[PDB]
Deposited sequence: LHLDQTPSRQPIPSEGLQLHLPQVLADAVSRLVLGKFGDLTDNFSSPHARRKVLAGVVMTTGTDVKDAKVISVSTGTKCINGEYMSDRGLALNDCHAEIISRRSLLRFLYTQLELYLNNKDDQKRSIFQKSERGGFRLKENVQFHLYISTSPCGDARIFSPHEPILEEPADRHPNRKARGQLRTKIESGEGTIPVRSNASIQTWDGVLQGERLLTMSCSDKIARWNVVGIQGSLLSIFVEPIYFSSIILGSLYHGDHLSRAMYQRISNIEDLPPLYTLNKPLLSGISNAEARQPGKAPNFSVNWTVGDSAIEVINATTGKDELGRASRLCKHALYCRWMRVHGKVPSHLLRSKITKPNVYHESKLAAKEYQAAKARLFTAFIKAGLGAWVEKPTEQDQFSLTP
């Protein structure tokens, strides 16, 4: 209960954890334009909240530097990187369940009636972003009392343009996408049921009408979702002491951290790789490694989708047929509302193996 107290706690917890990871904000990698994070709650408590993930970044990869081997991060906007960090947590929580019977009590996952795994009662995830996400949620005049267009991130800069190959969808559109197909992605949907954010908390440029349109209301025309998939309508809130616009140059790097990690990981938004040119623990390849390790531990009869001898990344995603159908329904709802066609990257980029 009390939306504004939750909002404040989530905002305070994520900022607090960012401090600890940056020598109380004094490290050069505390330099950020947008801060994001995910907080998990367990029961209608107060302070039984855990920061799951902490991220920064405002920039995307140049085309020259795109990987056809899953070694490069395509999108380093804080909120996108915070989701990917949550995927690392969810793989860890599946290994916790699977590695020892006595650890099943400590995992957020339990066996589901319907097959594979689902969350335990009252396990919720909350998204913090220090500003409203790029795209439709940020197309207004904050000093003033055709909308819902899908938008793409512009090659160089930090903002978006409407649509009608090398192009990334806005954060406003990706969170709307997460409010249909879940936050967990295609590959995790093979082990676990759809997972939604209960709350989206903004640290600035909060606006109830614009954010609700961006996040779900523009696609309430959505049709015939498979079972467990809903149009999720999370709690939307700003925070009590909002953050001021700081006009200037925006940093070139993106920070990420997941609960359990000893240190932040610093990526170059331009290359999608860390400062020494190695692959992130968040890239397609690294998440596919986590997924493959869990696929090795889960008996065939316990999968929510059939998939034996997984090799190519793209094939393994196509096996999540509930998810691919809810994605189709999503792509249709935007078209029929007159809001544009989702830009998908050419699926040679996902044609790689762990060979």
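Several segments of the deposited sequence are absent from the coordinates, namely 1-19, 165-177, 197-211, 403.
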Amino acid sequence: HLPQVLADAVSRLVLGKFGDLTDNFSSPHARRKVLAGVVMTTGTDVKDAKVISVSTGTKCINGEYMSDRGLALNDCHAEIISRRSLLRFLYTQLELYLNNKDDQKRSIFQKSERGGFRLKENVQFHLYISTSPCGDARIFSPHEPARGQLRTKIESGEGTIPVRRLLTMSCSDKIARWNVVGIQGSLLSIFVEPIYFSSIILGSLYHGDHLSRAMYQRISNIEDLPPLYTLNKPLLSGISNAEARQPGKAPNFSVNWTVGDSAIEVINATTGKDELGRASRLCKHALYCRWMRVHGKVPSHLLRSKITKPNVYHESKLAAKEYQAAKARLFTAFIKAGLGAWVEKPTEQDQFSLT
From here on, numbers count along this sequence of modelled residues.
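Stretches 42-50 and 317-325 differ in mean CA B factor, with 42-50 having the higher one. Stretch comparison (59-67 versus 282-290) by mean CA B-factor in the PDB entry places 59-67 on top. The entry lists C-alpha B-factors for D75, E95, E113, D173, and the highest of these is at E113.
Highest CA B-factor among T152, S130, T271, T258, as stated in the entry: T271.
For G208, the recorded CA B-factor ranks within the middle third of the chain. Only modelled residues enter the ranking. In the deposited entry, the Cα temperature factor of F89 sits in the bottom third of values across the chain's modelled residues.
In the PDB entry, a CA B factor belonging to the highest third of its chain's modelled residues is recorded for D224. When the CA B factors of the chain's modelled residues are split into thirds, the value for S262 lands in the highest one. Among the modelled residues of the chain, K105 sits in the middle third by CA temperature factor in this PDB entry.
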